[PDB]
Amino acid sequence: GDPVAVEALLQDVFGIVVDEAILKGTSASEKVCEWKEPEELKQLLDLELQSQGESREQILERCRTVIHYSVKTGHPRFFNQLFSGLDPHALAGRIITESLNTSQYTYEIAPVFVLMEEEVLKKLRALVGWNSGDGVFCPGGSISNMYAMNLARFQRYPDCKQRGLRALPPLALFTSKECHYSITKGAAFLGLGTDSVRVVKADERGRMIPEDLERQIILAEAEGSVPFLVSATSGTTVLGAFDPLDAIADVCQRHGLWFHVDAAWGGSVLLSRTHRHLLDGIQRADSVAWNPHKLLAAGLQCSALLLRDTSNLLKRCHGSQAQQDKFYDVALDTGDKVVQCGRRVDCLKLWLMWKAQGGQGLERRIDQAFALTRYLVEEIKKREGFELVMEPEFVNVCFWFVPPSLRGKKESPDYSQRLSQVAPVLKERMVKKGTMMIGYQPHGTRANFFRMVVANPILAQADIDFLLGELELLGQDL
């Protein structure tokens, strides 16, 4: 109240959103970003909060400004991250979620979503290969990884929950040198310390070497630490590599270790009958992290933690020593499953898109991203100046743009240094033009290279031809 005013405000806001954020925001005819230096953007935004409010017209103008100067992450030429694109059904679900404004904490205040989340989690477990189990959604896959670490410690040393880490021996966990940095950040957060993380060599394709895993386990034991968890990666953030899960599982079983699979990125490939062999062996995991907000475009945040456990380990680990006077089955309440209290609804946006697309529609999208990745690799191999870092296993395509001044100069002593300066210059230019955005980074001894990501559901070959031609134009003088 006033409801007329409320409806008119929201419809007028929503009109700006549809026109400026959704239509213009996903159009190749518009810019991916409107670069402004920080200090200049602050002036343009006029951010200082004040005692006096503003008019309806001033507010709507501010809505336009925020949109105008924001990055268009649904644009066909946005390649900067491991998510890209705007699924309309997911967005409808997001909008519904934000209007209902509840906490996913008890059946009492979130009955539709408590049941919806169970069912989504059940289907995700099925695609992993489990007909039973547990799990919960988390605010980001980094938190999912920490849940797994905490559960592994609890399962082996449940006295830790009450007595803390001084009642325990030193603990060691194991992960690939290509691991997401949430493993070490989590270890530090959980009190283990980053030193508890034993890094395992990866092979030329970026995949953990099971033989170096075993060596590392034995060495950690000889040094007086107690191995308790192995974390493999099914889809590394840079190369997009997939650890060999059946062989890592073998090492875990021989040593009695908890087997966690960080599939935040690659787990969505389980919807593709064609490409899900990349995760063969994942059904042997004790836990799996999986982020549908990446490859499936569900929207941040959409991160699930799946468990094979069927013994209420999740509630026993995180539940409060304190629901015995209610009129419904309290097993439906999920507060004891998490360290949060309030928790956003993150299942609707995925569930609604999934209902609209079908399993077939999402499989088709994944298969179309793998097919477009093949087109990008072919164009890179047929064009002068483009050099692949390694053959892609996923939708990460890593490559250099070799500018004319360096072609043939590989044997020169400063070739890797000179080449490392190319991507940063191209990034600045494409960003300041607004034509596209592509992530780049160095890697081991490798000079700065681009990491292209083929994921946007509306991507087309014409966009790959455009990005390659745009790099040639932007790097001609380098």
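Start at 1 with the first residue shown and count on from there.
Should the segment between residue 322 and residue 323 be described as having none, 1 to 3, 4 to 9, or 10 or more unmodelled residues of the deposited sequence? Per the deposited record, the segment joining residue 322 and residue 323 lacks coordinates for 4 to 9 residues.
Average Cα temperature factor in the PDB entry - higher stretch of 226-234, 400-408: Between 226-234 and 400-408, it is 400-408 that shows the higher mean C-alpha B-factor.
Of 361-369 and 329-337, the one with larger mean CA B-factor: Taking the mean B-factor of the alpha carbons in each, 329-337 is higher.
Using the entry's values, work out which of 212, 262, 243, 379 has the largest Cα B factor. 212 has the highest C-alpha B-factor of those listed.
In this PDB entry, which of 161, 123, 273, 315 has the top CA B-factor? Largest recorded C-alpha B-factor: 315.
Among the chain's modelled residues, which third holds the C-alpha B-factor of residue 430? It falls in the bottom third of the chain.
By the record's CA B-factor, is residue 393 among the lowest, middle or highest third of residues in the chain? Within its chain, residue 393 is a lowest-third residue by C-alpha B-factor, going by the deposited values.
Taking the C-alpha B-factors as the PDB entry records them, is residue 450 in the lowest, middle or highest third of its chain? It belongs to the lowest third of the chain when residues are ordered by C-alpha B-factor.
Select lowest, middle or highest to describe the third in which the CA B-factor of residue 299 falls within its chain in this entry. It belongs to the middle third of the chain when residues are ordered by C-alpha B-factor.
Determine, from the deposited record, the chain-internal third of the Cα B-factor for residue 86: lowest, middle or highest. For residue 86, whose C-alpha B-factor we compare with every modelled residue in the chain, the answer is the highest third.
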